[PDB]
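Notes follow the structure.
Residue numbers start from 1 in every chain, and the chains themselves are labelled A, B, ... in the order their sequence lines are given, proteins ahead of strands.
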Amino acid sequence: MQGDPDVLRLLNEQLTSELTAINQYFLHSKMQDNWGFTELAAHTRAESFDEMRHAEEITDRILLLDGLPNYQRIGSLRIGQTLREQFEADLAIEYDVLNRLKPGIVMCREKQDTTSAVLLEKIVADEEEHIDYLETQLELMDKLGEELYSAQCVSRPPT
Amino acid sequence: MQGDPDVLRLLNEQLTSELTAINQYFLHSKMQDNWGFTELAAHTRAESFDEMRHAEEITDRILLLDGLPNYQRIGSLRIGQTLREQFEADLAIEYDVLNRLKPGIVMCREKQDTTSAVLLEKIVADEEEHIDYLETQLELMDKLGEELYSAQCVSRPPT
Amino acid sequence: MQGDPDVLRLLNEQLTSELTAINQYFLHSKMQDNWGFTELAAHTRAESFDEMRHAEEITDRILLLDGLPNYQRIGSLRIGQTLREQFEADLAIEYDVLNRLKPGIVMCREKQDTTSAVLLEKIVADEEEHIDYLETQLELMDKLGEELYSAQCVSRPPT
Amino acid sequence: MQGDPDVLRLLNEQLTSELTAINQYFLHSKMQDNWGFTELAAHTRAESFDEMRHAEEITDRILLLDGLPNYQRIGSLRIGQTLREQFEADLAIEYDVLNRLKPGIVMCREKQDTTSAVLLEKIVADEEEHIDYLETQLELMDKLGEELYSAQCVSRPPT
Amino acid sequence: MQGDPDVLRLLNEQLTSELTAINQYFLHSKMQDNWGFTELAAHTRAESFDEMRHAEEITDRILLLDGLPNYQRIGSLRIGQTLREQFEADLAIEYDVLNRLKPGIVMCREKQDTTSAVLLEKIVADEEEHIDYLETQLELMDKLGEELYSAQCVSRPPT
Amino acid sequence: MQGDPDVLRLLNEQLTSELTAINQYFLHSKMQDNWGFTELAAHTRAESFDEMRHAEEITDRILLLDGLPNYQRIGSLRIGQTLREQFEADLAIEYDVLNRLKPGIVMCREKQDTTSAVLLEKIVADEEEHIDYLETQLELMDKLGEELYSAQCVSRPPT
Amino acid sequence: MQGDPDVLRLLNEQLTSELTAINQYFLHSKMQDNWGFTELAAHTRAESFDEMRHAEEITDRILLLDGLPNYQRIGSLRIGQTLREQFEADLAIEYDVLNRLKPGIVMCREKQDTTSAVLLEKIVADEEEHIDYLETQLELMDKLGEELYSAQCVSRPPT
Ligand code: HEM
Ligand code: HEM
Ligand code: HEM
Ligand code: HEM
């Protein structure tokens, strides 16, 4: 059994994306924890875990289709030096995923590979949830003000 | 058994008020949860469930009296785009209920329909609490300030 | 994030459908209860809830896509006056959904909005099951005889 | 270890009969459930499961005697389009089994193959009971009325 | 309700394939058990059971669509006389499913029958997993050598 | 058994450091509790108990080394009069320990007293987490604002 | 609190090795599982998780020291093509760490940063155990024969 080659590139592309996200998300969570925004950092941590799970799932798909999963390649990280830049950085990678996946699923279906399209379909839904979560944080930051918003990310007492 | 025509019409009018309220309140909970005010959102969602229950209770009374429950007619929604706006809109519908129900109760008793009256008295009591809750929130927004009040409506961390 | 306008219009159209179904299904259930078809009534009730859930799900999708959910609009109720009439009425609405959704889905995918599409796919599947049930019920009335079918809808003793 | 050729041919014959039955019985059960006769459908389903076991049992025995089990061959399905037709079709396959097994056992015993004869005797006891159930159901259709009997086959409320 | 005649032929073809597989798989499990490869047989037996489930699922869909499930028609069995022959035989039936379904799902969507399409989309995923397992065992036979692989398919002690 | 003079001198210097800390931290905890900053106050108390254990472990090592633990000397306390002055005052002592134990740890390994050295290494590690926590608290006052950060140190409601 | 710039560069070097190892080890376990060597794959997975943990700890330390953990840089993966190539590759990376760390710790002690040294000493020790396991796996490959070794890496029955 061997996968369609355009599909495999697509998969590997997405995999590379997931790997970048695991790292960006994780380091952001540690940085959030270090700044003392512990309550937020757990959320951000969970996001990295979610991305890690996505990476494993793609990996299995690639392998079943007899491909080589690219563990070498890494994307470019945007590492935020503020909470606001951090959410912004995270937003950008998820948008990059949507931009790649929306066309990609259609291609997968045109290639008669429903299983792959289905996996990509799930990822897209998850990323949408994430983006929605991230944009709402920026919305809140303005509505509450930045300092007030930020106080909601610490614990009582902080750290 | 058959209801007094006037009472059934008052009951139907109240039903339309409930159906209106269920929607306005439910949508507002969805909106507040979506802007990330989740903790407030749970409260609003309950108040909507409360209206669902009233509506069912009015429906039962109507049917008992050989009436036709009107599920077709709906009131004019006031959808707010800030928390304040939302609170004020909900207040408005509650006030219309008191305006309708207060004479309506005195009429039910003249017609000798105590059971419909007691039902309506119960709704009045419930709407008075809601108004007290809403009116208070509005008070707090001023006392605390709007942003600070809003902050108390999000979890830690937010959403 | 922003939804394709057509997709959002589709979703809203479905919402309007759901809101009409909740009311028509609820009303029917209350009436079946009122006639003493308590057993049947509980199933119909459950159907109304399924719709209430479809309404919430669609409402979430719309908010996610920065759409404006329409809780103002409701459709034309078909309130049956016999079980057979109710069954036909309910069927008619379900068929309206299938007629809308089937092309709707194709469109969602062209527009590359899989998440919405999947949301609609589940709904279609759900409505197909509902139509099968109601159509079976009519077959049963014919096969059993109407009165004998109706007896299967009362508790022992009745109500 | 090597079986008698006549015996083995008899077992493969009975195996073909089972395979047929499993298909007929299962479909009929699926058919009764779709009609809304969920209560009868459960029993018929059980009857098919019973036939699955007999085919496994005969399958072991043939294998133990160094035989080739025939899973390629299927007999003529009789699919009923009414409950009465279904009960009759089911009875005919059952009587074909007794007709074959009764001389078939004496043959097994004559050939000095008791274990094989014992397995067949058990199938016969089992088929006799199924036949009694079926013939009784037809008597009940005449005793009760066909519609009234059919009403005994649905839940409350239906499906 | 009434489905597309093409969708119903595809579902019926697939039904034939499922019944063929249930049979080849089950016999193969029994042959492996007979040979003393008990640990392996249990796995094989599960696979035939998985196909029994797919057969039922297809059946429900066909009946929902007012179609007539074909339980009379069977495929051509390939019964293997070695473990290697069996894996290859089973692989051959799976590849065939993939051949049928890959175009058919595209077709099902074209005809706006998402529920039938999703169902087959699921069978594709399952068959893909089963192929992956089967291709792996054959690879394990070359890597380990056949006798050694075979050793891994028996209990301690055997049967 | 006899400790090296230089080492014992170092253990005693540290012991003095620990008693000073116990007092300074315990009083800061009590003052913070007085001020109504009860939630922070609990974390501070815990820091004091940590020091109390450190003193005891040093005392035993000194006793095991035939030394005379100094429970008569104390350093100067910096009692802070705001939350900010307390955090700076605590940090200042923390740094005074690191400055002493860094060269001290090297010296112990030189006189060949690994056990004493490791005891110190642990203290240093512990002391490091303490500094990072305090240095993070001061940043948060800047980031959140002093009034806001302080509101994260009280309970709901205050004390 | 600022770490020594040399120590920080070392921590970052090691982080780089850890990210490299996490990927290699994870891919290798995914590949082994794929080949059906399930039993070995689980251990290999556990190894990758260990480096995931190493990575996290080193990250805290750099953050504690006001450092910037490099999650951008990854090293050359050596992906193995047989169980043997896989063991030999993972070994090579492990040896690279002992090489880097042996002098780094000494350096850390000189710059007087024991807590960093201690973390590294703990990595050096775990790495030794890993090397000893892998070295032993190769040895058993010779003692048993590659085929026989491999047979102990699969379950009964395989995958
Ligand atoms: C790149 C830096 C990474 C960091 C800092 C990291 C960190 C962690 C940590 C600390 C855990 C908890 C596991 C345990 O307690 O043993 C974990 C879980 C896991 N990681 Fe990673 N990891 C990284 C990369 C990866 C990659 C590239 C993969 C590829 C799949 C991966 C796969 C997993 C999986 C499958 C889990 C368990 C998820 C679960 O518990 O549901 N990790 N990670
Ligand atoms: C947009 C309109 C509505 C929406 C979104 C909505 C949504 C919901 C939901 C999500 C539930 C919880 C269901 C569960 O148990 O999982 C519910 C409950 C209920 N609904 Fe509705 N519903 C709506 C309209 C109505 C209407 C018109 C009535 C008519 C009287 C009604 C009657 C009820 C009742 C009686 C409950 C049980 C309340 C409780 O105890 O929590 N609902 N609704
Ligand atoms: C080749 C002849 C077949 C044999 C020998 C066979 C055998 C069996 C056996 C032994 C069981 C377990 C029975 C029990 O619990 O009492 C079973 C279960 C089942 N059978 Fe069959 N069967 C056959 C064909 C079929 C067919 C045609 C269908 C219908 C399409 C079917 C559907 C099922 C289902 C749905 C289960 C339960 C599945 C589960 O629990 O995982 N089987 N079969
Ligand atoms: C200078 C003022 C001090 C104050 C106000 C103080 C206060 C306290 C108090 C109230 C307890 C709880 C007692 C109990 O549970 O019965 C405690 C526990 C303890 N104290 Fe002190 N203490 C001081 C100094 C010290 C000193 C100098 C040492 C050792 C040299 C010390 C060692 C300990 C230890 C080891 C505990 C055990 C509680 C635990 O951590 O499990 N304390 N202290």
Legend entry - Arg73(F) side chain vs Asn12(F) backbone, donor-acceptor pair below 3.5 Å: yes
Inset, instruction - Give, for atom CG of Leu15(G) and atom OG1 of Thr20(G), the distance between the pair rounded to the nearest 0.5 Å. - result: 9.0 Å
Legend entry - Straight-line distance of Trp35(F) CH2 to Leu40(F) CG, nearest 0.5 Å: 10.0 Å
Legend entry - Gap between atom OG of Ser150(G) and atom CD of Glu39(G) - 0.5 Å precision: 13.0 Å
Please tabulate, for the side chains in residues 4-11 of chain F, all donor-acceptor contacts under 3.5 angstrom to protein atoms that are two or more places apart in sequence or on a different chain.
unit_1: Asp4(F); atom_1: OD2; unit_2: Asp6(F); atom_2: N; d: 3.0
unit_1: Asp4(F); atom_1: OD2; unit_2: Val7(F); atom_2: N; d: 2.9
unit_1: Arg9(F); atom_1: NH1; unit_2: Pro5(F); atom_2: O; d: 3.2

Inset, instruction - Could you check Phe87(F), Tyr95(F), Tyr25(F) and say which one makes a ring pair (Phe, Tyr, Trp, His ring centres under 6.0 Å) with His130(F)? - result: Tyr25(F)
Inset, instruction - State whether the side chain of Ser29(F) and the backbone N or O of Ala46(F) hold a donor-acceptor pair below 3.5 Å, judged by distance alone. - result: no
Inset, instruction - Please list, chain by chain and in numerical order, all residues satisfying ring-ring contact (aromatic ring centres under 6.0 Å, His included) with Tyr133(G), sequence neighbours excluded. - result: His43(G)
Inset, instruction - Would you mind checking if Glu56(G) and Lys30(A) are paired as a salt bridge, meaning a charged N to carboxylate O distance below 4.0 Å? - result: yes
Legend entry - Spacing of CD1 belonging to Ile58(F) relative to CG belonging to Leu63(F), to within rounding of 0.5 Å: 12.0 Å
Legend entry - Salt-bridge criterion met for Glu121(F) and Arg109(G) (N-O under 4.0 Å): yes
Inset, instruction - Would you give the length of the straight line joining atom CD of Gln24(G) to atom OG1 of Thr44(G), rounded to the nearest 0.5 angstrom? - result: 11.0 Å
Legend entry - N/O donor-acceptor pair under 3.5 Å between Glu129(G) side chain and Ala125(G) backbone: no
Legend entry - Pairwise distance CD1(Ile105(F)) to CD(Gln112(G)) - rounded to 0.5 angstrom: 8.5 Å
Inset, instruction - Please test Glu57(A) against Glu18(A) for side chain to side chain contact (heavy atoms under 4.5 Å, CB included), starting from the C-alpha separation and ending with a verdict. - result: CA-CA 10 Å; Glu57(A) 294 178 24; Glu18(A) 299 300 0; over 6 Å; no
Inset, instruction - Check each of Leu77(A), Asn23(A), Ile79(A) against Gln72(G) using the side-chain contact (heavy atoms from CB on, under 4.5 Å) test, and report the only one that passes. - result: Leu77(A)
Residues 138-146 of chain F side chain polar contacts: donor-acceptor under 3.5 Å, at least two apart:
unit_1: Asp142(F); atom_1: OD1; unit_2: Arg84(F); atom_2: NH2; d: 3.0
unit_1: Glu146(F); atom_1: OE2; unit_2: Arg84(F); atom_2: NE; d: 2.8

Legend entry - Whether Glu85(A) side chain and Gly80(A) backbone form a donor-acceptor pair below 3.5 Å: no
Inset, instruction - Determine, for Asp126(G) against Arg53(G), whether the closest basic-nitrogen to carboxylate-oxygen distance falls under 4.0 angstrom. - result: no
